[PDB]
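# What the coordinates show
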Amino acid sequence: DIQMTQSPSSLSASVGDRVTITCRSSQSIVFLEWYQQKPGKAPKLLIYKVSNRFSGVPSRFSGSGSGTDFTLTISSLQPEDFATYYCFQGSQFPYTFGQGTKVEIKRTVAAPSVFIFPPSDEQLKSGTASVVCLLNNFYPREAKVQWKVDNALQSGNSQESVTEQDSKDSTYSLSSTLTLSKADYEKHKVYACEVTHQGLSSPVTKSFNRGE
Amino acid sequence: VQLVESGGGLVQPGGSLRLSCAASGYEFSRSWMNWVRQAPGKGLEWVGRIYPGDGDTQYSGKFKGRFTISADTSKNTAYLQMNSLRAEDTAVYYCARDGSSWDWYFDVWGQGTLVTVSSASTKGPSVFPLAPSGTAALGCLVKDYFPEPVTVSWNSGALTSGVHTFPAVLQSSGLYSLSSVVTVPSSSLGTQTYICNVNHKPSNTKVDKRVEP
């Protein structure tokens, strides 16, 4: 019943920045807690009873607020502080989590390195052609991959996957996979992925000729 | 102090599944044990909790009909029996101790166990090379498997730098697919062998794929 709304839903801050996340409850709860969850890990209790740091939590984390408005503050964001942060109320049944605030590391711009991979003969013999385009170690996350087949822009036959931000260099990588039937693949020659990113002055095209 | 969830797996919609939470290192009976779930890429959702000392349970009304939480203090274990599962019940399910009678809630969490509710059946991946054509990229396409997870290593774990194993994406077929890639020196392609070792535990699939230029 009690709705917990966090602001913002996502944030990219530089190491050393002051970070503030707010949590707003639909009803006054005057047991507000903050949890920190690394990707692929269980959440960890950071703050309890509004303003109390759990054991071992660095002093840079602090909590405040009352009634319906609450704030988690990171006084100086550290490289290991990237996570999704959740507020939680245990004052009124049923107990509810905020929707989470994903904090990622803001770094300098890095343009992607682009690679293209033709389908294997083994897969083709099974009747399907997967073409893979790789965008490696780039920042920020926004990028566009356009598939062109004999210079014809493709739509509806590709899927993308993006890695979680790398813990060491704070970059992303992206895969775009173009899937065609073997018959459709054999009708065309030039397979190209065209990449744009704010760090690229002009689009990067990687291509191959089928059967070459 | 440790919590270990078990019993997660693939279930057909409408089916049922019981999860377990084995506790160690503390008096299991005198602290509430909670179940908290998290759909892939989504937020945390509190399911319910039990006080193992007297068996007193509390459920979020959303689950009061078809979920049942129990505990065995002789085994230091709690259970989550889920009935009439739907696709939207797919999530990692955690058990978490709380100390809500004192000052805080979930201070100890288990690693979580993945429950997948889908009409897709268990299937091992096909593994195809992503052939390299002063840094080169190469990889393996790990396609059409279900359910999660898969693992990919390179050169039996001897190659770790520069490896990116992409998050799985569900295809229109309802099966997962991902690529695992690695960047290497272009001067190494002629004299260095690159092999991806794919393991899909749910199907007992193990595939080594030589990736050649």
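Conventions used here
Residues numbered from 1 in each chain as written, not as in the entry; some residues may be left out. Chains lettered and ligands numbered in written order. Heavy atoms only, no water. Contact = heavy atoms within 4.5 Å. Buried area = accessible area lost by both parts, 1.4 Å probe. Salt bridge = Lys/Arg side-chain N within 4 Å of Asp/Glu carboxyl O. Polar contact = N/O pair within 3.5 Å; in protein donor to acceptor, adjacent residues only side chain to side chain. Helix = DSSP H or I, 4+ residues; strand = E, 2+ residues; numbered from the N terminus. Disulfide = S-S within 2.5 Å. Buried < 20%, exposed > 50% of the residue type's maximum accessible area, 1.4 Å probe, protein only. Core = buried A, V, L, I, M, F, W, Y, C linked by side-chain atoms within 4.5 Å. Domains from an automatic or database assignment.

### A few points about the interface of chain B and chain A
In this complex, chain B contributes 42 residues to the contact, which on the side of chain A involves 39 residues. At the boundary of chain B with chain A, total buried surface from both sides reaches about 3400 Å², with 65% on carbon and sulfur atoms. For chain B, the biggest contributors to the area lost against chain A are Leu44, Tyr105 and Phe166 of chain B; these three give 19% of the whole. Between the two partners, chain B and chain A, sit 2 salt bridges. Between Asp103 of chain B and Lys49 of chain A there is a salt bridge whose closest N-O contact spans 3.2 Å. Here chain B and chain A share 14 residue pairs in polar contact between them. For the side of chain B that touches chain A, the secondary structure elements donating two or more residues are β4 (33-38), β5 (44-51), β6 (56-59), β10 (104-109), β12 (126-130), β13 (135-145), β16 (169-170) and β17 (176-185) of chain B. Among the elements that line the side of chain B that touches chain A, the one with the most residues is β13 of chain B, at 6 residues.

### Quick look at the state of the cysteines
Within this structure, the stated rule accounts for 4 disulfides over all chains. Between the sulfur atoms of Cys133 of chain A and its disulfide mate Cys193 of chain A the distance is 2.0 Å. Since a negative S-S torsion denotes a left-handed disulfide, the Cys133 of chain A-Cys193 of chain A link at about 65° is right-handed. Of this pair, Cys133 of chain A sits in strand β13 (residues 128-138) while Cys193 of chain A sits in strand β18 (residues 190-196), and the two are 60 residues apart along the sequence. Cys133 of chain A sits in the buried class, given a relative accessible area of 0%. Covalently, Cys21 of chain B is tied to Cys95 of chain B through a disulfide, its sulfur atoms 2.0 Å apart. Every disulfide takes its handedness from the sign of the S-S torsion; for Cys21 of chain B and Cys95 of chain B that torsion is 70°, giving right-handed. Highlighted residues: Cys21 of chain B in strand β3 (residues 17-24) and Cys95 of chain B in strand β9 (residues 91-99), separated in sequence by 74 residues. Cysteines bonded in chain B are numbered consecutively along the chain; their disulfide partners then correspond to 1-2, 3-4. Ordering the disulfide-forming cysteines of chain A by sequence position, one finds them joined as 1-2, 3-4.

### Quick look at the nonpolar core
In terms of nonpolar packing, the biggest core is built from 40 residues, with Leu32, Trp34, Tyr35, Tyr85 and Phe97 of chain A together with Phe106 and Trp109 of chain B touching the most fellow members. For this core, the leading source of residues is strand β9 (residues 83-89) of chain A, giving 5 residues.

### As for the domain arrangement of chain A
Residue and element names in this part refer to chain A. Segmentation of chain A into domains returns domain 1 (1-107) and domain 2 (108-212). Distance between the C-alpha centres of domain 1 and domain 2: 37 Å. The interface is formed by 8 residues belonging to domain 1 together with 11 residues belonging to domain 2. The junction of domain 1 with domain 2 conceals about 830 Å² of combined surface from both sides, 41% of it contributed by carbon and sulfur atoms. At the surface where domain 1 touches domain 2, the tally comes to 1 salt bridge. A salt bridge links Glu164 to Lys102; its shortest N-O distance comes to 3.1 Å. Inspection of the domain 1/domain 2 interface yields 6 residue pairs in polar contact. Examining the composition of the side of domain 1 that touches domain 2, we find that 3 residues originate from one element, strand β11 (residues 101-105), more than from any other.

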